[PDB]
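**Student:** Residue numbers (PDB author numbering), protein chains in the order written: chain A, 13 to 84; chain D, 13 to 83.
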Amino acid sequence: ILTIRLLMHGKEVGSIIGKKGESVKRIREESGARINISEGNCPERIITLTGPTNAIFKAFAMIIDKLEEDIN
Amino acid sequence: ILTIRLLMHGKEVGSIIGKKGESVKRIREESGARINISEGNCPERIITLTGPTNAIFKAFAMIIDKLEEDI
DNA sequence: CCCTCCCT
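#1: Looking at C-beta atoms only, is the number of pairs between the region 37 to 53 of chain D and the region 67 to 75 of chain A that lie closer than 8 Å three or more?
#2: Look up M74(D) in the DSSP assignment and give the residues it is bridged to.
#3: Starting from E56(D), trace the beta strand (DSSP E) both ways and give me its first and last residue.
#4: What are the start and end residues of the alpha helix (DSSP H) that includes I39(A)?
#5: Could you please give me the residues that DSSP links to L14(D) through a beta bridge?
#6: Would the region 44 to 63 of chain A count as touching the region 22 to 41 of chain D if we require 3 or more Cβ pairs under 8 Å?
#7: Quick one, which of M20(D), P55(D), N53(D), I49(D) has its alpha-carbon nearest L79(D)'s?
#8: Given a cut-off of 8 Å on the beta-carbon distance, is the pair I49(D) and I76(D) in contact?
#9: Give me the residue from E81(D), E56(D), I83(D), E34(D) with the minimum Cα distance to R17(D).
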């Protein structure tokens, strides 16, 4: 059970929270991680990833994949 | 003693109970109304309010303010 | 693109 913080620009975050909140809703329900995204229109936002190794991995990889398809 | 039912989306209602449970704690205590909330992840939830016009009015106003800020 | 918040 480990935690890892990811830094993220404003626009970056919006992608992980696709219109209506589903994008996270997958990543969450699909990796098994505890995912939190500090709110408030702040230029830099933390996304905390919390859980066992593979859960993190999975959440990470989906996060990566989401941003990967946003260039630009 | 009046009963007034409030239809409420699943998102909204989660804000009234905000966190461990304290948001309702606040309103139950500080408004002095009989507040009930239907249970389970149903999209559509009822909040019954029983009491005097005062308590009903208090509770309601406390709800609106929890809602107003989200936003 | 803003997400969940579990109370008698």
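All C-beta atoms, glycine included, are put in the ideal place defined by N, C-alpha and C.
**Tutor:** Quick answer:
#1: These segments do not touch.
#2: Start at 1 with the first residue of the second sequence, and residue 74(D) comes out as number 62. In the DSSP output, where bridge partners are listed per residue, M74(D) has none listed.
#3: Along the second sequence, read from residue 1 onward, the residue named residue 56(D) stands at position 44. 56 to 63 is the span of the beta strand (DSSP E), which, as asked, contains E56(D).
#4: Locating residue 39(A) in the first sequence gives position 27, where the first residue counts as 1. Note, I39(A): alpha helix (DSSP H), 34 to 43.
#5: In the second sequence, the residue the question calls residue 14(D) occupies position 2. Paired residues: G63(D).
#6: Cβ pair count under 8 Å is below three, so no.
#7: Here the question's residue 79(D) lines up with position 67 in the second sequence. Comparing Cα-Cα distances from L79(D) to each of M20(D), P55(D), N53(D), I49(D), the minimum goes to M20(D).
#8: The residue you call residue 49(D) lines up with position 37 of the second sequence. The residue you call residue 76(D) lines up with position 64 of the second sequence. No; because the gap between Cβ atoms is not below 8 Å, this pair is not in contact.
#9: One-based indexing of the second sequence puts residue 17(D) at position 5. For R17(D), the nearest C-alpha among the options comes from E56(D).
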